[PDB]
Amino acid sequence: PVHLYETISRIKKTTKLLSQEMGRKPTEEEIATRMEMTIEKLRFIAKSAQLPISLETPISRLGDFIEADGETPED
DNA sequence: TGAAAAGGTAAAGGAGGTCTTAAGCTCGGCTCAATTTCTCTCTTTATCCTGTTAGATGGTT
């Protein structure tokens with residue numbers, strides 16, 4: 001959602017501002033405090049911002065190394 | 001008529017099942033703290049929608 005894009009942009013801007021102010025890469029807790037949000041929310045945003053990798057990425061393709069969901073004939 | 005030859009009867013004894021207690025256990029109920037669901041409120045976000053007035057006007061690899 002658009003609000004998520006705006007949240008990610010604000011997180012990037014805050015991180016750059018803290019890096020400029022403190023002269024070093026900010027930690028997760030520092031960013032979470034500055035954003036006034038829990039660290040778990042920040043990690044959730046970071047995980048949801050990822051781009052999906054295509055199944056045909058060379059490793060040979062990625063799609064030939066992923067098992068299938070089901071009950072093993074043995075089970 | 002005498003005599004096998006089988007068929008009964010009354011015991012003794014054993015074999016087997018069925019009853020009785022002293023010892024011990026463990027099992028459920030009862031109480032009674034000590035708590036996890038539930039169901040309302042009561043918020044609080046999560047998601048979508050609309051608008052923005054200097055001027056700008058044909059692609060990169």
# chains A, B, ... in the order shown; residues from 1 in each chain; ligands from 1

$ interface_residues --of "chain B" --to "chain A" --cutoff "10 Å" --atoms "only C-alpha atoms (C1' of nucleotides)" --output "mmCIF file with N, CA and C atoms (P, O5', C5', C4', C3', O3' and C1' of nucleotides), in the first residue's frame"
data_model
loop_
_atom_site.group_PDB
_atom_site.id
_atom_site.type_symbol
_atom_site.label_atom_id
_atom_site.label_comp_id
_atom_site.auth_asym_id
_atom_site.auth_seq_id
_atom_site.Cartn_x
_atom_site.Cartn_y
_atom_site.Cartn_z
ATOM 1 P P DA B 46 -0.786 -0.101 11.367
ATOM 2 O "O5'" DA B 46 -1.919 -0.430 10.293
ATOM 3 C "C5'" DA B 46 -2.656 -1.634 10.397
ATOM 4 C "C4'" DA B 46 -3.391 -1.934 9.107
ATOM 5 C "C3'" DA B 46 -2.595 -1.682 7.845
ATOM 6 O "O3'" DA B 46 -2.927 -2.660 6.878
ATOM 7 C "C1'" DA B 46 -4.464 -0.178 7.966
ATOM 8 P P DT B 47 -2.394 -2.534 5.374
ATOM 9 O "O5'" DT B 47 -3.518 -1.674 4.650
ATOM 10 C "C5'" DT B 47 -4.825 -2.177 4.580
ATOM 11 C "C4'" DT B 47 -5.708 -1.243 3.790
ATOM 12 C "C3'" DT B 47 -5.095 -0.740 2.483
ATOM 13 O "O3'" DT B 47 -5.897 -1.169 1.406
ATOM 14 C "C1'" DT B 47 -6.171 1.000 3.700
ATOM 15 P P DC B 48 -5.609 -0.673 -0.089
ATOM 16 O "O5'" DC B 48 -6.548 0.598 -0.224
ATOM 17 C "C5'" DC B 48 -7.868 0.440 -0.666
ATOM 18 C "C4'" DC B 48 -8.591 1.761 -0.615
ATOM 19 C "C3'" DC B 48 -8.329 2.681 -1.805
ATOM 20 O "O3'" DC B 48 -9.519 2.869 -2.523
ATOM 21 C "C1'" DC B 48 -8.230 3.857 0.271
#

$ select_by_dssp --residues "chain A" --states "alpha helix (DSSP H)" --output "compact mmCIF listing (two decimals) with N, CA and C atoms, in the first residue's frame"
# COMPACT_ATOMS: atom_id res chain seq x y z
N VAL A 2 0.24 2.35 -0.44
CA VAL A 2 0.96 3.61 -0.60
C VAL A 2 1.55 4.06 0.73
N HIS A 3 0.80 3.87 1.81
CA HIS A 3 1.30 4.24 3.12
C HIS A 3 2.57 3.47 3.46
N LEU A 4 2.72 2.25 2.95
CA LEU A 4 3.94 1.50 3.19
C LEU A 4 5.12 2.09 2.44
N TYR A 5 4.89 2.53 1.20
CA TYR A 5 5.95 3.21 0.46
C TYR A 5 6.38 4.47 1.18
N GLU A 6 5.41 5.24 1.68
CA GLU A 6 5.75 6.46 2.41
C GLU A 6 6.51 6.14 3.69
N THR A 7 6.12 5.06 4.37
CA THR A 7 6.83 4.65 5.58
C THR A 7 8.27 4.27 5.27
N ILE A 8 8.49 3.52 4.19
CA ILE A 8 9.84 3.12 3.82
C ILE A 8 10.68 4.33 3.46
N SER A 9 10.10 5.27 2.72
CA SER A 9 10.82 6.49 2.38
C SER A 9 11.21 7.27 3.63
N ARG A 10 10.28 7.40 4.58
CA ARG A 10 10.60 8.12 5.80
C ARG A 10 11.65 7.40 6.62
N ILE A 11 11.64 6.07 6.61
CA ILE A 11 12.67 5.31 7.31
C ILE A 11 14.03 5.56 6.69
N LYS A 12 14.10 5.56 5.36
CA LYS A 12 15.36 5.85 4.69
C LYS A 12 15.85 7.25 5.03
N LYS A 13 14.95 8.23 4.99
CA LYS A 13 15.36 9.60 5.27
C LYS A 13 15.84 9.75 6.71
N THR A 14 15.14 9.14 7.66
CA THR A 14 15.58 9.20 9.05
C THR A 14 16.93 8.52 9.23
N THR A 15 17.13 7.38 8.57
CA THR A 15 18.40 6.68 8.69
C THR A 15 19.54 7.52 8.14
N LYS A 16 19.34 8.17 6.99
CA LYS A 16 20.37 9.03 6.44
C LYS A 16 20.63 10.23 7.35
N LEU A 17 19.57 10.81 7.92
CA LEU A 17 19.74 11.94 8.82
C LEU A 17 20.53 11.54 10.06
N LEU A 18 20.24 10.37 10.62
CA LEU A 18 20.99 9.90 11.79
C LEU A 18 22.43 9.58 11.43
N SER A 19 22.66 9.00 10.24
CA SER A 19 24.02 8.72 9.82
C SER A 19 24.83 10.01 9.68
N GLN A 20 24.21 11.05 9.12
CA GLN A 20 24.88 12.34 9.03
C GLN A 20 25.12 12.95 10.40
N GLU A 21 24.14 12.86 11.30
CA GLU A 21 24.29 13.49 12.61
C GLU A 21 25.35 12.78 13.46
N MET A 22 25.26 11.46 13.55
CA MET A 22 26.16 10.67 14.38
C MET A 22 27.44 10.27 13.67
N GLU A 28 19.70 -0.63 14.71
CA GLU A 28 18.27 -0.88 14.60
C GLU A 28 17.50 -0.20 15.73
N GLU A 29 18.01 -0.32 16.96
CA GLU A 29 17.32 0.28 18.09
C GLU A 29 17.29 1.80 17.98
N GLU A 30 18.38 2.41 17.52
CA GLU A 30 18.41 3.86 17.36
C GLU A 30 17.36 4.32 16.37
N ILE A 31 17.27 3.64 15.22
CA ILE A 31 16.29 3.99 14.21
C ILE A 31 14.88 3.78 14.74
N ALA A 32 14.66 2.68 15.45
CA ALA A 32 13.33 2.41 15.99
C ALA A 32 12.91 3.47 17.00
N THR A 33 13.84 3.91 17.85
CA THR A 33 13.52 4.97 18.79
C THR A 33 13.22 6.27 18.05
N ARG A 34 14.04 6.61 17.05
CA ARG A 34 13.82 7.85 16.31
C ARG A 34 12.49 7.82 15.57
N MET A 35 12.12 6.67 15.02
CA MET A 35 10.84 6.54 14.35
C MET A 35 9.69 6.35 15.32
N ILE A 39 10.87 -2.28 17.31
CA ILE A 39 11.87 -2.87 16.43
C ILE A 39 11.25 -3.96 15.57
N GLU A 40 10.25 -4.66 16.09
CA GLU A 40 9.60 -5.70 15.30
C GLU A 40 8.88 -5.11 14.10
N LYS A 41 8.26 -3.94 14.26
CA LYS A 41 7.63 -3.28 13.12
C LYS A 41 8.66 -2.90 12.07
N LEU A 42 9.82 -2.42 12.51
CA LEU A 42 10.87 -2.06 11.57
C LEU A 42 11.36 -3.28 10.81
N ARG A 43 11.58 -4.39 11.51
CA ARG A 43 11.97 -5.62 10.83
C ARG A 43 10.89 -6.12 9.87
N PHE A 44 9.62 -5.97 10.25
CA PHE A 44 8.53 -6.35 9.36
C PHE A 44 8.53 -5.51 8.09
N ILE A 45 8.76 -4.21 8.23
CA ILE A 45 8.86 -3.33 7.07
C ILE A 45 10.03 -3.76 6.19
N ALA A 46 11.18 -4.05 6.80
CA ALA A 46 12.34 -4.46 6.03
C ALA A 46 12.08 -5.75 5.27
N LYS A 47 11.39 -6.70 5.90
CA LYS A 47 11.09 -7.97 5.24
C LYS A 47 10.07 -7.80 4.13
N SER A 48 9.08 -6.93 4.32
CA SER A 48 8.05 -6.75 3.31
C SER A 48 8.50 -5.89 2.14

$ atom_distance --atom1 "atom CA of residue 36 of chain A" --atom2 "atom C1' of residue 45 of chain B"
14.4 Å
